[PDB]
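What follows is one chain in structure tokens, specifically the form deposited in one PDB entry.
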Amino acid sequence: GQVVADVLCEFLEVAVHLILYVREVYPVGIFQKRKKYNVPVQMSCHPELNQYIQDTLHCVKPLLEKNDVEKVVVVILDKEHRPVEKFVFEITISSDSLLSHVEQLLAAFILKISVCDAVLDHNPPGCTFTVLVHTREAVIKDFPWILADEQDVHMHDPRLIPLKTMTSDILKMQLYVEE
């Protein structure tokens, strides 16, 4: 329960950073490698951006603790505050031996965002982002949450981009065991 919310919150935070990096929402100069993970990770060093992402997700954490969260969407906007890109994380077993659970979610997402880096055109300059939280059917000081408008939700003709990983193309891997 608690542990799942914690794993997901950590993952989601790093994920926000890697989206901002790969998509150049902010200048590459604010990003640095984190050797705290045994998977490659770029994260912002910009203290106020980091505080912002952290506050956001630590508001989301209590809802994850009780499975009230249907999805978390990281939305990339031009500064017309139109959604131009939507990273949807739907919220719906393995050993720690090579990768921690957090690192496994990171590896999977890194495989996806790397394809992303190749299929998607560059975004216009001056893009920003926000996070949308999608609760299921049925905190912090001066960090309130409002109801989203339907301007930063819907798109003129959204295109689902299947981010099919490298391996998926190259290799299919199957395990057969005895009796």
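Under this definition, the rigid core comprises the largest set of C-alpha atoms superposing within 1.5 Å between the forms. Position 1 is the first residue in the sequence shown; the rest follow in order.
Keep in mind the form deposited in another entry is missing from the figure; the text below concerns it.
In a rigid-core overlay of the protein, residue 170 has its C-alpha displaced by at least 2 Å between this form and the one not shown. A movement of the C-alpha atom of residue 101 reaching 2 angstroms or beyond is seen between this form and the one not shown when the two forms are aligned on their rigid core.
Core-superposed comparison between this form and the one not shown: the Cα of residue 35 travels 2 Å or more. Distance between the C-alpha atoms of residue 166 and residue 16: shorter by at least 3 Å in that other deposited form than in the displayed form.
One change in that other deposited form concerns residue 19 and residue 102, whose Cα atoms lie at least 3 Å farther apart than in this form.
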